Amino acid sequence: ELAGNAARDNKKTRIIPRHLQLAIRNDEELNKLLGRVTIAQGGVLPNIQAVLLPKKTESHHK
Amino acid sequence: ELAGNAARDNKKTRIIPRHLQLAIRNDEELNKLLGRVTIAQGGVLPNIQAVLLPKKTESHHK
Amino acid sequence: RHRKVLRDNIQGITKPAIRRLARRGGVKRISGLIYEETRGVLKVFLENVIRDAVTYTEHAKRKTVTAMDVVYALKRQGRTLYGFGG
Amino acid sequence: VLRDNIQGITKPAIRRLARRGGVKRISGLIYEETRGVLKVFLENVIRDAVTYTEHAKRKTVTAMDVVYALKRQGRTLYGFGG
Amino acid sequence: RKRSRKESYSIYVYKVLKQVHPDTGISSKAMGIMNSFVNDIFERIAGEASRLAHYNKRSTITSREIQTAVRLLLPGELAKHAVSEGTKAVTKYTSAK
Amino acid sequence: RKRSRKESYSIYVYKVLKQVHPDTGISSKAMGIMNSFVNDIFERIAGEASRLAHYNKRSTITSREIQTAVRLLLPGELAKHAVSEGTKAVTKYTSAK
Amino acid sequence: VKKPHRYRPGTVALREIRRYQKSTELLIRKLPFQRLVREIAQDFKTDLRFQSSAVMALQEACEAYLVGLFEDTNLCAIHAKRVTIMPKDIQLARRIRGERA
Amino acid sequence: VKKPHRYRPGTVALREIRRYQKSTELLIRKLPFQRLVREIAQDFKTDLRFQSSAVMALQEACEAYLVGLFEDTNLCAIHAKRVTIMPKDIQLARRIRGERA
DNA sequence: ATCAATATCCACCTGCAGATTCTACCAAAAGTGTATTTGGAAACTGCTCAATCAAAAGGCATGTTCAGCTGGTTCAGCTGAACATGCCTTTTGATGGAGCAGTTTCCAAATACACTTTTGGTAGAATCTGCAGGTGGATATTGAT
DNA sequence: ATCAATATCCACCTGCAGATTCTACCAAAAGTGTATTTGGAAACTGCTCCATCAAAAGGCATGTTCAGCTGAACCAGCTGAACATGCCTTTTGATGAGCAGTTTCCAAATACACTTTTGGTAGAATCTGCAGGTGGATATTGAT
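Residues numbered from 1 in each chain as written, not as in the entry; some residues may be left out. Chains lettered and ligands numbered in written order. Part of a larger assembly, values for the part shown. Heavy atoms only, no water.

Regarding the arrangement of the chains
As a reminder, the rule being used: We call two residues in contact when some of their heavy atoms are within 4.5 Å.
Contacts between protein chains span 16 pairs of chains, and they are most numerous for chains C and G. The two units chain A and chain C remain apart, with a minimum C-alpha distance of 13 Å. As for chain H relative to chain F, no contact occurs, and the smallest C-alpha gap between them is 12 Å.

A word on the state of the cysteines
Applicable threshold: Here, two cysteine sulfur atoms that lie within 2.5 Å of each other are counted as a disulfide. Residue exposure (1.4 Å probe, protein chains only): buried if accessible area is under 20% of the type maximum, exposed if over 50%, otherwise partly exposed.
Under the criterion given, the structure shown has zero disulfides over all chains. Distance from the sulfur of G:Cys76, which forms no disulfide, to the nearest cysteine sulfur (H:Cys76) is 5.4 Å. What makes G:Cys76 buried here is its relative accessible area of 0%.

Here we look at a nonpolar patch on the surface
All names here are of chain E. Put simply, the test is: Grouping into patches uses exposed residues only, defined as over 30% relative accessible area, and leaves out salt-bridged ones; the cut-off is 9 Å for like charges and 5 Å for nonpolar side chains (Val, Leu, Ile, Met, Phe, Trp, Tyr). In this description, accessible areas are obtained by the Shrake-Rupley approach with a 1.4 Å probe, and a residue is regarded as covered only by the protein chains that are shown. Salt bridges are defined by distance alone: a side-chain nitrogen of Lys or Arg within 4 Å of a carboxyl oxygen of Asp or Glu. Secondary structure elements are taken from DSSP: a helix is a run of H or I of four residues or more, a strand is a run of E of two residues or more, and numbering for both begins at the N terminus.
Taken together, the side chains of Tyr9, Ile11 and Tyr12 present a nonpolar region at the surface, about 350 Å² in accessible area. Take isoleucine 11: it is sitting in helix α1 (residues 10-20). Looking at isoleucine 11, the relative accessible area reads 59%, which means it is exposed.

Focus: the protein's contact with DNA strand J
The line we're drawing: To be near a molecule or strand, a residue needs just one of its heavy atoms within 4 Å of it. Throughout this description, a polar contact denotes any pair of N or O atoms lying within 3.5 Å of each other; where both atoms belong to protein, one of them has to be capable of donating a hydrogen while the other can accept it, and for residues adjacent in sequence the pair is counted only when both atoms sit in side chains.
Around DNA strand J sit 67 residues, and of these F:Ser27, F:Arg64, G:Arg15, H:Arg8 and H:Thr84 come closest. Sugar and phosphate atoms constitute 93% of the interface atoms of DNA strand J, taking the interface as everything within 4 Å of the protein. Taking F:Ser28, its main chain carries an N or O atom lying 3.5 Å from a phosphate oxygen of DNA strand J. For the surface near DNA strand J, the secondary structure elements donating two or more residues are β1 (29-30) of chain C, α1 of chain E, β1 (25-26) of chain F, α1 (11-22) and α2 (30-44) of chain G together with β1 (49-50) of chain H. Among the elements that make up the surface near DNA strand J, the one with the highest residue count is α1(G) (five residues).

Concerning the environment of G:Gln59
All names here are of chain G. The residue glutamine 59 is located in helix α3 (residues 52-79) in this model. A residue is classified by how much of its surface remains accessible, and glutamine 59, at 2% relative accessible area, is buried. Considering only alpha carbons, one finds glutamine 59 and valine 12, 47 residues apart in sequence, at a separation of 26 Å. If we ignore the near neighbours within four places in the chain, the residues touching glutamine 59 are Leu26, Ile28, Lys30 and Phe33.

Here's the deal with the protein's contact with DNA strand I
Keep this limit in mind: Amino acids are sorted into nonpolar (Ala, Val, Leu, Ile, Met, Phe, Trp, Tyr, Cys and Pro), charged (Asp, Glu, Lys and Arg) and polar (every other residue, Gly among them).
By nearness alone, 70 residues border DNA strand I, and D:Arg15, D:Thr60, E:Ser27, G:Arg8 and G:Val83 come closest of all. Atoms of DNA strand I within 4 Å of the protein belong to the sugar or the phosphate in 95% of instances, the rest to bases. Within the side chain of D:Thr60, an N or O atom sits 2.3 Å from a sugar or linking oxygen of DNA strand I. Within the side chain of E:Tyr14, an N or O atom sits 3.0 Å from a sugar or linking oxygen of DNA strand I. Of all elements in the fold, only α1 (15-24) of chain C, β1 (25-26) of chain E, α1 (10-20) of chain F, β1 (49-50) of chain G together with α1 (11-22) and α2 (30-42) of chain H reach the threshold of two or more residues within the surface near DNA strand I. Top element by residues in the surface near DNA strand I is α1(H). It accounts for five residues. Tallied by class, the residues present in the surface near DNA strand I amount to 19 nonpolar, 19 polar and 32 charged.

So this is what it looks like as structure tokens:
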């Protein structure tokens, strides 16, 4: 179910493993179940810590 | 055997759990086997990180 | 009067006891905010283990929690305990 | 010329992996340490794998041996059978 | 002409997928993933059931033991809903013999 | 007058202790520790052997399987020495029937 | 002597380190721990009873766990060129072990 | 236009982050990894052969492990008010997980 | 704010590697019946759990000090991301051609199982001695003038 | 640097809490013999794996260049250790039912032999979503 939801979100009609990883890591409980499990061809979630980006003061400064 | 050696080091003739813990953590391989095991009444090894002990310049300073 | 001893709860796990515990880990200097957080952490740990223990207890139709249940519940979390049977 | 073959794990590939891990800036010294760490992991796995391999009196390493050896180290793997 | 036979849970997963999202497919690799997942959960639950039985000196694995193992392994609400489905299944099976 | 019977590995540990350090004793708690330790290692090894057997569709657990599991679970030199003792034990047992 | 003898900050902590590391007795008192366990158990199932050795085993497990956690905490602290542990260190250690909560 | 267009340091790294995080293809080339596995396995037992899918499985495991490691390392780095990862960070994370070596 | 250069995202197309569906069929599921075992409701009983009051032991909440730790500021290096270039390890793709995974036979070795006969492991009653505790005296580690 | 303070080590002394040794006896372990598997040798085959060639080709080795980073002095202030005190919690010993742990026994539960279907699966025969391609609209970036 979660996979199909992500699938519709990316406009793809066929489930691929990427979707499964996206489903698992976005639900807390499943992530707990599979916290030490690697899904092949899965990758990880997009996530950058806020601190290492550049500051939002990137605009007119005069 | 390791326990009895530690025993002779502490001048006690009877093996107690403390000695077993001492034997286990001081042998690399046994520590690997039982890295996630808790020995009751075992305590831990004496170990202080060097950095939080005071500087050896604790003497005549004039 | 209001005692309820300090909360009638975890707050009986007094500060200097946590200090002694940190001393066992080789630590020298502790901040004032540590205590509460540690307590919460402790609770979570206990919660999980106790839950499992009670569940084992429930399977045997007993009303007494035995040591064995605690051992097994600890074993499933990868914190096997020796010296109390099993 | 070949270079002990660990150097096949090149700098830019490691940089790419670190990029997947959320890393933005990498020191020059990381590479050697990473290589060593990688080696250790592989060694352990393959040892166990080969052990399973040796038990069947086979000479061909199969995926299942790897999967099991991975399972026993607490890094269970999905997607290659069993 | 010699030929083997490897079983899997593929077809049942396919049925479930069509039940939940009729206009949707799934690739082979993901089907393999689901196969591995199912086998892993099966192994965990049965192993835990066995350990519970052996600890209480009972030689039969019944629905009770499975239910207990489920409450042990899975957290909270997932367990509750699952247990409910299982109880419903037992209640339907036992009646309509 | 009713009385049960709980087995352990105590007496054997005591024998070994007297073999390695004649002038030394051991407390009850530590003997319990050793008892639990023995039980744990026994369980791990048997389970691992079982898993190997089941993966190769062989229905018999033999010395070979135990040897393999030992090499898997334990690290390095400990494995080699223990394996040596095991092989010596089998060679002695099989001869002097 | 006029003024009270006074050790410098840190020394007595070190003394406590050596004294408690050399021994093994439990540091937390039985009774509060008993009451804590009893309360939490009451919230899951009612009128339960507990054998003493079970409480002792929980005590051992908890103290060992906390000791390990403070150890990793102290390492993380040393990593940041500090000597004072802080909550974020504990959070870091637990997050890395996967003991999320 | 006279001078070459030049992005500031860090931006292209971020571009690499988003691009590789969106996709899933393996990052390391097959053949070197095959040669690595073959060398190490030869030192344990001789003339071994490997199925392709086993090599792929090791590749997946290795990359997932490394990714996780770098994640914890980065957290450790941030904890020290730095942005650059260094070897002691990796040692710290690995020492905390128990992956001692 | 305002303007050039690339990077990312939408729109529209098209043919094929992978997905889905359609056969044949053969190793599992179900039924039936009968043999075997087992889990759970009654009868006991002996260890253990539940918690109060009084008297005493030891530790903790609090409040007073003050040494040195954190953490922000600023600054001198330094070193690691961008990006150009040229060449070269890898992709792909094909082909051969050896060797091993996996089947199928089969039978000499191995082991479960039903008894029978020994036997040592373990509960429980008599000894015992190492160590917890206690007394006293000598050296070690802190720290100040 | 040397002197007092205090903590801690170390020699010596005593009685008791587990440590240790001695009975009976019964569940447990070895022996015969038989019934029943079962795993390794031998004979075959076809799948998969391994050494080569070649044409790109995308990617890797190297070399510049500079904007951001990593530390290193310095200092305010804060915050948490040392210590004293009184006080408050905790400890520990007074000589009833509840529940863990057995023992019976049989009504329910379920293994095992055999036959009858039948759903699952390998392989042939269709489908098609989406990987590639092409083209154009913004969206970031970055200098000015």
